[PDB]
Amino acid sequence: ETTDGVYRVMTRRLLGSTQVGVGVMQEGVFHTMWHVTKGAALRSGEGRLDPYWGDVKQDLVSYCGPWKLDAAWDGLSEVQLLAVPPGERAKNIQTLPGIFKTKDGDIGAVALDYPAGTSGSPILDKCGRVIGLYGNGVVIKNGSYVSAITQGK
Amino acid sequence: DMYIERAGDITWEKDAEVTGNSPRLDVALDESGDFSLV
Ligand SMILES: C[C@@H]1NC(=O)[C@H](NC(=N)N)CCCCNC(=O)[C@H](CCCCN)NC(=O)[C@H](CCCCN)NC(=O)Cc2cccc(c2)CNC1=O
C-alpha cells in the first residue's frame, strides 16, 4: 500500500500491537520522525520499506525516496494537527501555532498534547498541504507540551 | 519488526475542534535533536 495518506507505525516486539508513531505517505515516500523508527526498516503488507534519508538533529527520516514535503506555515493562519493517537481514529485539531525562537531562526509550534505514539502525525495548512510533523518539542512551566512544526527540506 | 497501516486521507476539516494557545518560547536545538527552553 503506497496510497498517499497518514499511516500508523506499529510494532509487536512489545505487548500486543503497540503504536510507536505516525507518518505521511506522499509521492511514494514515507515520512516520519527519526525517534519513531530510529531508522529501522518497515513492513507494509507484503513489501518492505527501506530508509532513504535521515537526520537525527532534524528528527526526520524518509523511506523509499528523498523528503517530499516542502510546504511551510505562512506565519499568520491557523493550521490543523491531524492527530492519529494509538487505538483511536484520526482527528483534526485546529490551532493557531506559537513560535519557537532559535539562534538560527523561528519555527512554528503547536501547543497540543497527545500520547507519545502520536509522534509523526502531520500538521496541515488550509490548502491541505503538510507543513510539518508533530512530536519533537518542549515541556513548559505548566507541565504540558509544545511541539515544533518540524519540516524537512 | 515495525509495520505501517493506513489511517486516513490528509485533508483539512472545516468542522474541526479548536484548542491550544500560541506561546512564543526561546528554545535551543542540540546535536541530539532535543529542543530545550532557554
Ligand atoms: C506520554 C506522556 N506525554 C509526553 O510524553 C508528552 N507530553 C508531556 N510531557 N506533557 C507528549 C509527547 C508527544 C510525542 N513526542 C515525544 O514523545 C517526544 C520524543 C522525544 C524526541 C526528542 N528528540 N518527546 C518530547 O518531545 C519531549 C522533549 C523534551 C525535551 C526537553 N529537553 N519529551 C517529553 O515530553 C518527556 C516527558 C517530560 C515530562 C513529563 C513526561 C514526559 C510524562 N508524560 C508522558 O510520558
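Order of appearance sets the numbers: ligands from 1, and atoms from 1 within every ligand. Proteins come first, then strands; the chains are lettered A, B, ... in the order of their sequence lines, and each starts at number 1.
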Would you check whether [X] has a nitrogen or oxygen atom less than 3.5 angstrom from a nitrogen or oxygen atom of ligand 1?
X: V139(A); answer: no
X: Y114(A); answer: no
X: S32(B); answer: no
X: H35(A); answer: no
X: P115(A); answer: no
X: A116(A); answer: no
X: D113(A); answer: yes

Of all the atoms in ligand 1, which lie at a distance below 4.0 Å from a heavy atom belonging to [X]?
X: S144(A); answer: 10 (N)
X: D34(B); answer: 22 (C), 23 (N)
X: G143(A); answer: 10 (N)

Evaluate the 4.0 Å heavy atom contact test for [atom]: does a protein atom fall under the cut-off?
atom: atom 46 (O) of ligand 1; answer: no
atom: atom 27 (C) of ligand 1; answer: yes
atom: atom 19 (C) of ligand 1; answer: yes
atom: atom 42 (C) of ligand 1; answer: no
atom: atom 37 (C) of ligand 1; answer: no
atom: atom 33 (N) of ligand 1; answer: no
atom: atom 13 (C) of ligand 1; answer: yes

Q: Could you tell me the residue and atom name of the protein heavy atom closest to atom 25 (C) of ligand 1, and the distance to it rounded to 0.1 Å?
A: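 Of the protein heavy atoms, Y145(A) CE1, 3.6 Å lies nearest.
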Q) Considering only the protein, which heavy-atom contact is closest to atom 30 (C) of ligand 1, and what is its distance? A)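 Nearest protein contact, heavy atoms only, for atom 30 (C) of ligand 1 is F35(B) O, 3.3 Å.
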Q. Is there a donor in the side chain of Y63(A) and an acceptor in the side chain of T37(A), or the other way round, less than 3.5 Å apart?
A.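 There is such a pair (donor and acceptor under 3.5 Å, judged by atom type) between the side chains of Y63(A) and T37(A).
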Q) Which atoms form the tightest heavy-atom contact between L133(A) and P122(A), and what is the distance? A)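 So the minimum-distance heavy-atom pair works out to CD2-CA, 4.0 Å.
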Q) Is the closest heavy-atom distance from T118(A) to ligand 1 below 4.0 Å? A)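 No; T118(A) lies far enough from ligand 1 that no heavy-atom distance drops under 4.0 Å.
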